[PDB]
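[1] show me the folded form of this:
(chains A, B, C, D, E, F, G and H, ligands or ions: 2)
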Amino acid sequence: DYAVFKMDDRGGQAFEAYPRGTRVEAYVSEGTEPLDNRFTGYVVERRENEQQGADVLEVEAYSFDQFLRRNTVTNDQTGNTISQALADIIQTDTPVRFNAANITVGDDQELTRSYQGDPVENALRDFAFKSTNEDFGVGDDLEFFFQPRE
Amino acid sequence: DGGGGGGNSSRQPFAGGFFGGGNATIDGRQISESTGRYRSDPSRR
Amino acid sequence: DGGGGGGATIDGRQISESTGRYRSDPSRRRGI
Amino acid sequence: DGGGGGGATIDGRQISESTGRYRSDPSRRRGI
Amino acid sequence: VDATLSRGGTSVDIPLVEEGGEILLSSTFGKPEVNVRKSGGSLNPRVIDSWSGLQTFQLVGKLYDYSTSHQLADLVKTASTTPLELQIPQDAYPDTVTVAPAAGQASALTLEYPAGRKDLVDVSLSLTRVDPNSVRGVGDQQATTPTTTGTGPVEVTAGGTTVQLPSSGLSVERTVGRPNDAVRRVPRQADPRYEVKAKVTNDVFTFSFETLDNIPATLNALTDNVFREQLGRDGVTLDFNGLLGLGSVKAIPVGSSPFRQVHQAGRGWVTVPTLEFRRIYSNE
Amino acid sequence: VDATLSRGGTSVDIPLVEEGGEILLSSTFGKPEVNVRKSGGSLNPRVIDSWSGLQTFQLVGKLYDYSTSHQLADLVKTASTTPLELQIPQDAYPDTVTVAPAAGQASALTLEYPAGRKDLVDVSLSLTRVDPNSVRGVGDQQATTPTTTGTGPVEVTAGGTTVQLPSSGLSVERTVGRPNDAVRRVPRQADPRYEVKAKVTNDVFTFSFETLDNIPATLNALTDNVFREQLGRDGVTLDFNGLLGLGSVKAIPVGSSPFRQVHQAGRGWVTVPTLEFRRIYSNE
Amino acid sequence: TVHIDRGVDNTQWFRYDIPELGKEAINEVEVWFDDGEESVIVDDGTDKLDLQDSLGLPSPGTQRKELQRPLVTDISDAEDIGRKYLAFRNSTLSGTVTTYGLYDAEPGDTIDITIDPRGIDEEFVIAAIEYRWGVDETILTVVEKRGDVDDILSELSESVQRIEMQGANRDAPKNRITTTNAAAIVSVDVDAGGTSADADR
Amino acid sequence: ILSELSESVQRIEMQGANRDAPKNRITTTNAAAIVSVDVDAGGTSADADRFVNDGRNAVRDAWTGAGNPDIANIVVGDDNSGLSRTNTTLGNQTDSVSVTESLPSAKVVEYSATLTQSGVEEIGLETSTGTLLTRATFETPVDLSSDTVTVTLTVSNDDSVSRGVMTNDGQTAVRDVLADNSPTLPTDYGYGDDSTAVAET
Ligand SMILES: [Mg+2]
Ligand SMILES: [Mg+2]
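    Numbers count the residues shown, from 1 in each chain, chains lettered A, B, ... in the order given. Ligands and ions are numbered 1, 2, ... in the order given. What follows is the structure:
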């Protein structure tokens, strides 16, 4: 997941507001409808350009799914059931909020492979290829989920 | 002269509109190649 | 004398995205 | 009869250099 | 008096005469190679001038025979590293300038043979000034306009069928140019370098006429055989049968609007504003 | 009668006056930022309007002294966050509108000083309406037109050599613009945001004249020293010697056709339709 | 050690493109060494805490790489590999200023640059220079140059080469093959009855 | 393609890493001291100044325990040009005089001397071994005649750095390096567990 914001800037004053890792949120509304927070994430690039006289600030931001992408499984899950492996992996190996109400495995097998050293998103996508082709990720607030598709 | 008055200062901006070259940019930088080849006003026909 | 008086800006993202189908193709023709 | 007489060349280097920041982007989005 | 365009032993005099107060000679000067900066923090831009400049000559005149007109067309169209020298009969110019046919242009020369005039041809030349020591190339291709002594009608032949163009209102415009030559910037000459190429040229015949009799038969014979059929690798044989002294040429209509039939309120006949043929490969 | 254009303490009144039935004020309204769908399964497209509109003014008028004309040029060319306010003397418009020079144009203002017309300057102005609270920037750059009290000929100096432009038929057009400013869409209000940039502007002098005597010497002195030499990062010094009360500036010819020498049938002299110079880096 | 003196005044730039590049950056590296039988974690607490405090995470915002360097034996070399891995991917200013002169300048030289529209007024190190004739542009990359798809392909290519050679005995017995090349032209010409042939093979 | 290559080479890099191996930790931490320079000649402030790379190196090397710089001379010169971090000496020396130390505050050193020279464009501080710490310059030449030249060095935390700090004692130890005033150089490291945010105090 990512977002890109384009702004005008004066004297580089807006470019100072976006250090790498600062929080950005994009709210949307159509008509008189209330604002929905449609994106939340952190700045990963801030760029400012001469564009035909304009000083254009382009800010690019990634979201929470990077914390499943960029972490590895540390314990050994051989002989855990998939619902136990989800609790093990998310509660120690990634900085995401765990809640057992959000995980509902459609076919709760026991893992025979050690997943130790695999990337967390890559291991979760294996647990979802076992089980029932399931959706997973970081949801509302910051809670992890793993649940039946559609 | 009546037709020539409207004609001449029409034939002039005809060249001004027609002869303008392309000048494409990506992200503030020119992408048109600076090929050092000339072009000059076509025969009047 | 009255007669005499009568005398492109191109988006780098959308090029990079639209060409992706085609940039990857030679490698697909060669498997991986 | 007096009245009757009154009747782009594009640089492949500069494209490929300009789009680099965008071509690499999906892979950065996916870590490495 | 008169302007001479020449290349080695071949020479043409172009009278530079016109009606009333029309423009005979426009010379333009320019710096296409200055880098005026588009931006920066000053009120006015920094600049750099560091290359040869443009000079163009546009010559308007008349010729008094068709033979000289064909010599001029051939002289302009020819690929040769022998310098094309222009002599301008006005004191503001040197006695000779070396030139190319207009640098990137499909129409360097136009010849108009208007209806109702005899032994008059309207000439328009565009020429780019080039450095006399900097004419470069390897190839050599003498151009030749076909000629014959007949006086038959102009004939368009395709698919084994020949169509005679009406004499009524018949007017001929021919354009010639060398768009595949390169005129190039040089660091500190005044004039640019000229790269002569033994490569494809532009040579176009345009007709206008009014079909007065056998109108469906004439127009349909043309459009059926030329426009509605596929012509393959070949094209129309366009034969002048000795009108303007011209012979037979292989050619094709090109693009979105090379032929048009026009019907006007109250007129019992059809006007052709243009029938336009580009000359094709037959110099084998 | 007059429109007033002002910025803080500086103010210029432009008589909205012209001959007969000519256009004095054109105001154009538009929606550049409506999205009309190019396709979809409907007979008629879905649309979305969700951004500030465009309002433009063309003002045509006349000024009765050269001093006011220079004030107008300096007022239009100057970069400041201080709002440029236009007052229109007609009831269809509010008492004041905040404006930018025409949003992306090299020629926002044109001043014409034609031959014959002493103490008359033709003004054509193009202005874009902007949100009064939304003029944004950092740098101020006061533009200046240099002035002197002489009566000398217009002089072009390059390579230590000076050419005097003929007085005969001499007309000046000056154009001014701020193409490097940004006028930008905003979602919630009628008028766009204006980003004032302390960056390169457009400022061009166009001369027109007829060269009557010492014709080779005059034209060759200009073309040799300006058009055939490489000028480096310096350029022409262009000096009005107090004509129109103007002083001296650094400038350069730009592009494919900034100068033309025109010869007409039956005339013993050369016309110069245009001679264009763009003002270059000078200020300190 | 060198300063270019001429500088880039606010009247002497005419294009710029100045990012902070941070899409590659990570904050933890773990390096296995000693035939893979010992490990060290190199740990950047600042970026871990700033991502937590920024996003509202339950715990410090880890982003990891795992490396193995099996022939490294001293733990301080495995640490310095982990620190180099972080440092060369760390978030930095970069990008380009376009100006006109500076034929004397080189990468590693220092230059004053001022760009009032963009709030820059600093001495930078030149990371690279491009000179373009024709347009007359000197393009200075400042602070640090960094790649695009070629940095991805270089990191992969370097990694694959490191693994390709992993077992090779570097004191192994060694042998040599010399590649050498010569050719004989044989020119045919045919004469029939005093007429030379017009083409041959 | 790049992500399947990347996953494949990563899987092979870690092949045979013992995942129950002994782990070890390196913590990465940053702090910085600004030494701000101000220069006054006869009541005229300098228009530009640098704490040069040789001065940065002197404080660096002193912080390693390699001995402090003894500031010995104020130096004055004829040349405003080339003012940069890389200056090892004045553009053109014209005179120099012995300094007097003053310590007006916990984080400030002032070096003062009384001097006579016409046309001074540049001032600097020099260590007894010739190492320059400071260069500063004027837009217009200054005439000095029995006038005081003061160079003032002030030490601060760099508030740009996140979750690390130079304490007031750390900033005082850097003053005491610039003064050669028996600085409390680094000799120990501590680890603790109170997470309360950093301050100079
Ligand atoms: Mg042979
Ligand atoms: Mg200071």
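
[2] spell out which residues of chain H are next to chain G.
    Those residues of chain H that sit near chain G, judged by Cβ under 8 Å from any Cβ of the partner chain, are H:2, H:5-6, H:9-10, H:12-14, H:16-18, H:21-30, H:81-82, H:84-87, H:162-164. Where you see a C-beta, it was placed from the backbone N, CA and C, and this is true even at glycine.

[3] so residue H:52 sits against residue H:83, correct?
    No: the criterion here is Cβ atoms under 8 Å, and residue H:52 misses it with residue H:83 at 9.7 Å.

[4] which neighbours do these two share?
    residue H:135 (Cβ atoms under 8 Å, 6 or more residues apart in numbering or on different chains).

[5] contacts only, for residue E:111.
    With Cβ under 8 Å, 6+ apart, residue E:111 has these contacts: E:63, E:69, E:72, E:73, E:121, E:122, E:123, E:173, E:174, E:175, E:176.

[6] ok, 7 Å please
    Counting by Cβ atoms under 7 Å, 6 or more residues apart in numbering or on different chains, residue E:111 touches E:69, E:73, E:121, E:123, E:174.

[7] those residues into CSV, with extra columns for distance to chain F and secondary structure?
    Formatted as CSV, the contacts of residue E:111 follow (distance: Cβ to the nearest Cβ, whole Å; DSSP: H, G, I helix; E, B strand; the rest coil):
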residue, distance to chain F, secondary structure
E:69, 20, helix
E:73, 24, helix
E:121, 17, strand
E:123, 14, strand
E:174, 23, strand
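
[8] got those residues as a markdown table, with distance to residue F:283 columns?
    Compiled in a markdown table, the contacts of residue E:111 are given as follows (distance: Cβ to Cβ, whole Å):
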| residue | distance to residue F:283 |
| --- | --- |
| E:69 | 57 |
| E:73 | 54 |
| E:121 | 56 |
| E:123 | 50 |
| E:174 | 55 |
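
[9] PyMOL command to pick out the buried ones of those?
    PyMOL command restricting the contacts of residue E:111 to the buried ones, with burial defined by 16 or more other Cβ atoms under 10 Å in any protein chain shown:
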select buried, chain E and resi 69+73+121+123+174
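
[10] could you grab the helix/strand/coil label for residue H:12?
    The local conformation at residue H:12, judged by DSSP: H, G, I helix; E, B strand; the rest coil, is helix.

[11] could you do residue H:123 as well?
    Strictly by three-state DSSP, residue H:123 counts as strand.

[12] quickly list what it is bridged to.
    residue H:76, residue H:136 (DSSP bridges).

[13] which non-adjacent residue is nearest whichever residue of chain C sits closest to chain H?
    Nearest residue of chain C to chain H, counting by Cβ to the nearest Cβ: residue C:27, 5.6 Å away. Of all residues not flanking residue C:27 in the chain, residue H:1 sits nearest, at 5.6 Å (Cβ to Cβ, 6 or more residues apart in numbering or on different chains).

[14] in strands, which of the residues of chain H next to chain G fall?
    Counting by DSSP state E, the part of these found in strands is H:25, H:26, H:27, H:28.

[15] for PyMOL, what selects the buried ones among the residues you listed?
    To isolate the buried members of those in PyMOL, using 16+ other Cβ under 10 Å:
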select buried, chain H and resi 26+28
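
[16] picking up where we left off before, element containing the residue of chain C closest to chain H, please.
    In this assignment (DSSP states H and E), residue C:27 forms part of helix C:25-29.

[17] who's in contact with that helix?
    Residues outside helix C:25-29 that contact it (Cβ under 7 Å, 6+ apart): residue H:1.

[18] same check, this time on stretch B:1-10
    C:3, C:6, C:7, D:6.

[19] based on its surroundings, how many neighbours for residue 131?
    Looking at chain A here, since you left the chain open. Residue A:131: 17 surrounding residues under other Cβ atoms under 10 Å in any protein chain shown.

[20] not what I meant, chain E
    16.

[21] enumerate every residue touching it.
    Contacts of residue E:131 (Cβ under 7 Å, 6+ apart): E:98, E:186, E:189, E:191, E:192, E:193.

[22] now it: phi and psi?
    Per-residue torsions, residue E:131: phi -70, psi 130 (degrees, to the nearest 10).

[23] look up how far residue E:56 lies from the residue most central in space within chain B.
    With distances taken as Cα atoms, centre = their mean, chain B has residue B:19 as the residue nearest its mean C-alpha position (1.4 Å). Residue B:19 sits 12 Å away from residue E:56, going by Cβ to Cβ, to the nearest Å.

[24] equivalent analysis for residue A:90, please.
    In terms of Cβ to Cβ, residue A:90 sits 75 Å off from residue E:56.

[25] of the two, who's got more company?
    residue A:90 (26 against 23).

[26] would you put the C-alpha positions of the helix or strand hosting that one in CSV?
    Element membership for residue A:90 (DSSP H and E) is helix A:82-93. Output of helix A:82-93 as CSV, limited to C-alpha atoms (Å, rounded to 0.1, in the frame of the first residue of the first chain):
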residue,chain,number,x,y,z
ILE,A,82,-2.2,-22.6,12.3
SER,A,83,-4.2,-20.5,14.9
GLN,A,84,-1.3,-21.1,17.4
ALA,A,85,1.4,-20.1,14.8
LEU,A,86,-0.5,-16.9,14.0
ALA,A,87,-0.5,-16.0,17.7
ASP,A,88,3.2,-16.9,18.0
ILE,A,89,4.4,-15.0,14.9
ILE,A,90,2.3,-11.8,15.3
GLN,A,91,2.8,-11.5,19.0
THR,A,92,6.7,-11.6,18.9
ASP,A,93,8.0,-11.1,15.3
